[PDB]
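Let me begin by presenting the structure, written as structure tokens, before commenting on it.
Below, chain A is the first sequence line, B the second, and so on; all start at residue 1. Computation of the quantities below employed the complete heavy-atom set of this structure, encompassing side-chain atoms and omitting hydrogens, waters and symmetry-equivalent molecules.
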Amino acid sequence: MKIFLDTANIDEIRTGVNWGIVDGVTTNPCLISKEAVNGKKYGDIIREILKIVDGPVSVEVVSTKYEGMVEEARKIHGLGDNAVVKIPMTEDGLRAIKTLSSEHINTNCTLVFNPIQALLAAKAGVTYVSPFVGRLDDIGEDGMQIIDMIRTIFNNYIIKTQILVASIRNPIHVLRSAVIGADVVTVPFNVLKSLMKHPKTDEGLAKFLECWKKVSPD
Amino acid sequence: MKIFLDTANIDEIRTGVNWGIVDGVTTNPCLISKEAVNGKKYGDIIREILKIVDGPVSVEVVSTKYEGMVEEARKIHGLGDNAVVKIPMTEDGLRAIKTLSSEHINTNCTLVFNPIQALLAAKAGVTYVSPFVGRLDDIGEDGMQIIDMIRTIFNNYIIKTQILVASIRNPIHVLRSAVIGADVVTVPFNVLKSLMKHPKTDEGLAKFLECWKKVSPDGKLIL
Amino acid sequence: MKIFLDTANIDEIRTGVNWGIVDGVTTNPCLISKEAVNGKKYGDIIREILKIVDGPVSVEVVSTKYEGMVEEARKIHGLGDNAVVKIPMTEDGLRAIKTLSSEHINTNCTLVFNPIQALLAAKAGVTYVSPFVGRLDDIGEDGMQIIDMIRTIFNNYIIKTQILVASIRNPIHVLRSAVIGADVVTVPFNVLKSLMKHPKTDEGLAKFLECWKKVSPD
Amino acid sequence: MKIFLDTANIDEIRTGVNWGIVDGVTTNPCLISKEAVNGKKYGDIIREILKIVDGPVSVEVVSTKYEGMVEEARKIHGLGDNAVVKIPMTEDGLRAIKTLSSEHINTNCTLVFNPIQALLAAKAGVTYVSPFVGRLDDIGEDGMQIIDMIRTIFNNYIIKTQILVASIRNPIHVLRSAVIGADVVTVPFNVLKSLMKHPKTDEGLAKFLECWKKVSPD
Amino acid sequence: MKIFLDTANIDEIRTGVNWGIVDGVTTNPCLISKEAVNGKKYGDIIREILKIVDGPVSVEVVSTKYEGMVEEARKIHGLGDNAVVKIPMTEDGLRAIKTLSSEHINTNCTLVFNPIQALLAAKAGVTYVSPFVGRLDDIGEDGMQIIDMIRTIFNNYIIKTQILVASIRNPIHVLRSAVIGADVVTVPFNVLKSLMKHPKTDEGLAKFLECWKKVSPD
Amino acid sequence: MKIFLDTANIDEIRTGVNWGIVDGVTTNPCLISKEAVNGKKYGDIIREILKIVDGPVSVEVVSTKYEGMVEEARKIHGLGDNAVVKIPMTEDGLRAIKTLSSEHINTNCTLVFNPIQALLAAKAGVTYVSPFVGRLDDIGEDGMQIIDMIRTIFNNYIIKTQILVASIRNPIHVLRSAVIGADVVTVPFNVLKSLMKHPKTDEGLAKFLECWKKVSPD
Amino acid sequence: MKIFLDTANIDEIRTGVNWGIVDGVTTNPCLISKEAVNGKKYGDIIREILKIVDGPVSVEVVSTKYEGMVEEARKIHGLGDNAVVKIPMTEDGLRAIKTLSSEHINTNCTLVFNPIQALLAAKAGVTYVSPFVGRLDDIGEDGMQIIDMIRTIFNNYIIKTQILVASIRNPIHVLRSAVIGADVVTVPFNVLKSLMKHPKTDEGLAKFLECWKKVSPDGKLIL
Amino acid sequence: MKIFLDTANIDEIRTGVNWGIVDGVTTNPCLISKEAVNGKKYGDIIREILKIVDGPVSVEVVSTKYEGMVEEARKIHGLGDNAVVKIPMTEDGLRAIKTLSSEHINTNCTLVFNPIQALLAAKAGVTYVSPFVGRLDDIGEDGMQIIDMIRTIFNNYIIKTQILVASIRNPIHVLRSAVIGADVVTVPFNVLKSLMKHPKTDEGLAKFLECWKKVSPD
Ligand SMILES: *[C@@H](CO)[C@@H](O)[C@H](O)[C@H](O)COP(=O)(O)O
Ligand SMILES: *[C@@H](CO)[C@@H](O)[C@H](O)[C@H](O)COP(=O)(O)O
Ligand SMILES: *[C@@H](CO)[C@@H](O)[C@H](O)[C@H](O)COP(=O)(O)O
Ligand SMILES: *[C@@H](CO)[C@@H](O)[C@H](O)[C@H](O)COP(=O)(O)O
Ligand SMILES: *[C@@H](CO)[C@@H](O)[C@H](O)[C@H](O)COP(=O)(O)O
Ligand SMILES: *[C@@H](CO)[C@@H](O)[C@H](O)[C@H](O)COP(=O)(O)O
Ligand SMILES: *[C@@H](CO)[C@@H](O)[C@H](O)[C@H](O)COP(=O)(O)O
Ligand SMILES: *[C@@H](CO)[C@@H](O)[C@H](O)[C@H](O)COP(=O)(O)O
């Protein structure tokens, strides 16, 4: 399972890349605008991320119409071979995904909330589909059940689109995604750092070091 | 399923190897410090186990920092080709696993208590991952459930890291590991010995002896 | 299922009580210390909550020894008949719960992380037991499975201790708690506020407004 | 399981009432506005339905604020003892439901789309809660699953609010509601009439007729 | 589980009655037209079955309109208190059932092919509902699955209508009906006779006899 | 679960009764004829068993016709109040069971090989029904599955006939019968004596006695 | 579910009773002989436990014959009303249970390894039956499965004999017993102590202490 | 699935081999001692079986020490290429199996009672492993569950050791072994003889004979 970082914060990205467990990054207009303060410009933020991250970096178009989306997507593609163009699940978005797929521009269909939406994005040729589990949780539906159905559907038809679990809120979204077999999770930094930790690990380290000090003063 | 002995006791290790049922050994600093009493050096204990065991022998680093771990790991690797470097599930541990993996030094990520820790260790390229079932049992969760989920996750992604069930306390840990499909169990010597035994085996053996005396007073098979 | 509010924030409590959907309140030392800032004393915060809320209000002892816990518990009990004494799952805490229960002082055993701890709390006579699901989620274990087991154990022995699901982080903790049959959930305010909402509720109201305006322009 | 008709069409109600299979009626602002054309007035439609239906008749308030909802509810109540006041799942609606319940005015909480909304409606004392299965179907989630969860939740807490499955589109919604154990279904007239029919019933009737003509030509 | 005989043949009924395993009889226009030949009139056939059979005997109306069904049902009723009036699942049939139920005339709704039809008949007050499992098998649907759903539905609502499995073709319809818990099965004579038989029963009697000859040649 | 002894051997019966775990005895013509050798007569064998056993003793009739079976059954009844008359699953046997049931003579229907046969015996009023699990095993059908279905069927209709598992061959027939909830098992002597035994019991006894000898020389 | 302490150590027993979490005690001849060292008589150990424990205390007979068992059982019964006579699953044991049952002496059938043994003990009228889960674990079968079947069998027949899970080795035996619905578990002291503990409890306690020092330097609750 | 005959009785072996349904033979010291009576020597019995049976013939060592087992095994191997050396699951037995396997002498590990013992035997390189189901049944544990677990374990690791189900007592052991997928069953002669038979086979043949006699009196 690939693990991406769901942030535009340079420091978090830099920190997680230095850990060796971050395989890419996803952004969206709100994540970027959070960092585009104190004079920093959205374009610098994106270019800086594309540089630090050797894996896929997803960058969302802001136009809502087919022609604007394809033009922004070509501009995004031109920023680096690892850029992935994030495109909403809309009629124009599906059209743009199909056109960009033929141009060999990698794409990520976002704002997906049910399995048939995910299937339509895959049929348009999208590289990744991003169902938003946390926002389903917010409205009282277990979001992970949609991941499970998408995994079954994609397996049924040998679909090559990667399931990219997004809107992740806690380490159990991550656990369940791996158990289901989703291809990718993207996680906020606070979640990423928790995934390595467990109280019994720390307890165990402490006890092992005490045994070592019985045989080695240094 | 491979079966490793989880001890640093040399008499136990020779005895188990002699049965032909031990495929390797795991140690940790507490297991080693138990045997390093009355003049026995830790380094001699490690070197002796490496000598008598043909299979993998896991030896744990004691540094907690990335640099100390990789330096110590290269030294452990240098002691014999069957040495496997045991490294804890920490941020520095994962970085060390990735570096050592690329240097073709076999690694065993230890102190793992949930399936996502295990997956992270796999992603860093570790040779073996060791979830501690008995210590999960101690805190009131069925540790074998974590083995089951790890096996499913590894199957999903065709992960080559071997699942090495550790902190084994009883033969049902072993039975459930085999049914799940864990690659390896590491067991204390007391557990190892019990795996061979069953009261009906003893009983059947005595009955076959009694039957054979009816046909051969000296109990031999003359063919 | 009763729904408690898991905060010491007086404004949040007043709002949720005014919504009519809050059956009680849980606090803990960290929640209280968050509010006891810039002159506001912790004793005033506790008393104000007890006054506002008609339902049970859980207030945690701070001593770690049997004698200290019981003494603090009686002071807590004396603040109001709706006070419930929150006591940690420890050896002294069990002894304290047994004494307070024999004194007909309602108790709430907290910091519970597995079903056997919850059972021990029930055997000491505790009124409520509070397993922490979100903290279990944090360490890579699905906390709700512990609630499911506790419900089964409690059903097996006709246990009268109420299961109070705590450390709740999202509305699916709440949903799964109701499907399991937990007696109480205690929820932070941002979770509480989301429980009434659904985008199809908002949409349906807007469509109903359009139809009514056709037969009544006023 | 009670079966209500989901229409404001007086001919459909008369027809289905004359069948003896209709236990009540649900309306909503859009259903009424469809029939309030060519001089027909919403007040007369409502009064005529109340007159013809012995059982419960659900009439929805149009105000969105607590005080207007309660005042409308009392006027709806005054129109007949069989009237049930339909109130949306909103903060103000929950407040209205609680006030009307205490006044022994029967209520029906509408625009419910998940099981926790339904529980909050029951906790306010609502007589009926109406989850909208077809509108869930429309957005790619199997709406009957929410009915199943509500049934389990209500059973767990011995909740007396009746489950009134609404937004019904086909006879399988009806069948699944009956197998789950929902208290009430409300159905459009075209669904209602199909519930009695089956090709093998028609075929069997013709066969028995032919056999009867061999013994009695007349 | 009660067991009825599904035939109008007098010698079959008399034979099954002599065995003590027949609790009632069902007929229909075709079963009656098969025996009403060579000078035998349908009126004598019905009266003669009523006389032999102590328990319920179902006799079908031939009218297809409400008034005729109701008038015919009264004539059937007057023939004997064990007579049960069989009425088809139609609009007029439900109306007739409800009228006859208010007149304390036992009824049996026939030509039922799905569970919701069965529920409608129960709602009209019918004493027995008869789903046709064999005719569903004929069209490629496992008819026993309809019995299972009807059992669940009736259990859910504590429905007093008895499930009468009809159109039985083999002993496994009987086995499955009893495992499900259907109230009654009605069986053709060739099925009824087979129910008592098993080749290991025959073989066991032979062996027991052989042993008895050794100890007692008499 | 009651445990009966399936034998006519006086010594086995005497031995098992002296153990306190034998609640009754079942016989059949072959079991009796095995003991009716060296001059011993079948009548003495039966009378001797009726004397040693305070629980039900089943004694099979040898006639195959209704009138002979009832006359033999009345003779068997006259031998003692604990006698149970065993009667094969046949048309005449069912008739005899119904007649004897009215006379308050306890009966046991034997040679039952499927669940519908068991149901028919229960409908005739039989006290016990004896399905033969071992003889189904012999012909390649798991006999315990028939016990399971009979238990479900009898539970469904609150049937008071006791399920008496017969043709028992091993302790797993016994285990599965108890897990299913059969009322009675009847077991051959070699099976009965094995039920108390386990190697770990003997191993445990030996180890406990060695500890006792460390604190007590005697 | 009741929780008994499976020991004859008086310090353990007083300590557990003091927690208020021990509802009774089980002993056996090996547990008692462990404490009858350096002058301590077995009879004084039994009498002391009977004195300090308010709940049931199971004390095992040492005779293997029916007559010896009932005589010894009447003496055990006479030592206090909370004494429960522990009797092995044997032919003589079942006869002894039936006699003692009719004399209103509470009994605990021990050394049970399968569900039908348990049912036979119930049929003889025993108060408690003690299946040994840990010793089934030792021979490679999941002993908790036997508890589950016994619970089902007892439920089927409304049997009043209490299921007393014994030979408990870890907290998962306890957890699974509670989920199954066993009436009683008897546990060694080490297991008992672990049941109260969890690392997240410790961690949460330390964090609540730290929060409270921000509002009260002396860490007290002044109300 | 191969079917072996579990006996040393030469007449039974000749008969089963003549039936063409016997793929091999297993023996053990008790089975051989049963036949080696009244002058017949055990060495002649073994040699005669090896001659008659074309398939594998399992012959158990009698020594309990490694050196003795290996020496006896080579003498066994030398009697015929179809000899298989049966070795008990003991510490020395595992060592012996490992040595013999490296010498390409086929082995059969016996007295296996749980799945881990079977796994240990496979790891020593044994050709066949023989779990004893009937002896497990004897002690109140369903022996077939051990076969099910061994199959799963062996499948997990692609183990080439054949599962040879032994201590078989009835045809349902055989049926369940085939459904599980065990490689071999070894059966006593009275079990083997029953596997071909079924009362409906006999009945069907008799009916077919009657029909043929109508078109052909000869
Ligand atoms: C792009 C698609 O993978 C991501 O940046 C998504 O927008 C976020 O994962 C959405 O998460 P929130 O629901 O927390 O905004
Ligand atoms: C190394 C990991 O393979 C092993 O030595 C583990 O440290 C032990 O298995 C841990 O067991 P304990 O919980 O008994 O220390
Ligand atoms: C008291 C117990 O009901 C509560 O205040 C709990 O301490 C909190 O629910 C714990 O939540 P966090 O894990 O978010 O502190
Ligand atoms: C009232 C609630 O019982 C009903 O009139 C509902 O508004 C309708 O059932 C909703 O149906 P549509 O989704 O077809 O509007
Ligand atoms: C009346 C309903 O109980 C019955 O006589 C049914 O008409 C028959 O059972 C139908 O059987 P066929 O499908 O074989 O006509
Ligand atoms: C009477 C009915 O319970 C019993 O004696 C049965 O005849 C035997 O249990 C039959 O067993 P076999 O199949 O072994 O004869
Ligand atoms: C009596 C039965 O309740 C107990 O003392 C049992 O003997 C022990 O629980 C057995 O445990 P071990 O297997 O550890 O001896
Ligand atoms: C050799 C192993 O395949 C066989 O002869 C076994 O020993 C027997 O199958 C064991 O059967 P019993 O339990 O009936 O002795």
Can you name the nearest heavy-atom pair linking [X] to [Y], along with the distance?
X	Y	answer
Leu119(C)	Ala178(G)	CD2-CB, 4.1 Å
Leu223(G)	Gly43(C)	CD2-CA, 4.2 Å
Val62(C)	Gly219(G)	CG2-O, 3.5 Å

*Qualifying disulfide bond (SG atoms under 2.5 Å apart) pairs, either residue in residues 10-114 of chain C, two or more places apart*: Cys30(C)-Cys211(G)
*With rounding to the nearest 0.5 Å, note down the distance linking CG in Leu221(G) to CD1 in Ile32(C).*
8.0 Å
_As an exercise, state the distance from CD1 of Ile3(G) to CG of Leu120(C), rounded to the nearest 0.5 Å._
5.0 Å
Record all donor-acceptor atom pairs with a distance under 3.5 Å between chain C and chain G; write none if the list is empty.
residue	atom	partner	partner atom	Å
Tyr42(C)	OH	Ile222(G)	N	3.1
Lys98(C)	NZ	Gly20(G)	O	3.2
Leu111(C)	O	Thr201(G)	OG1	2.8
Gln117(C)	NE2	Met196(G)	O	3.0
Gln117(C)	NE2	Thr201(G)	OG1	3.4
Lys123(C)	NZ	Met1(G)	O	3.0
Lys123(C)	NZ	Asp23(G)	OD2	2.7
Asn156(C)	ND2	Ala178(G)	O	3.0
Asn156(C)	ND2	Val179(G)	O	2.8
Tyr157(C)	OH	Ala182(G)	N	3.3
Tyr157(C)	OH	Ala182(G)	O	2.5

_Under the rule for side-chain contact (heavy atoms from CB on, under 4.5 Å), what residues qualify as partners of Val22(G), not counting sequence neighbours?_
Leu5(G), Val17(G), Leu192(G)
Can you tell me which portion of [X] sits under 4.5 Å from chain G's heavy atoms? Options are side chain, backbone, both or neither.
X	result
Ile139(C)	side chain
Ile97(C)	neither
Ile150(C)	neither

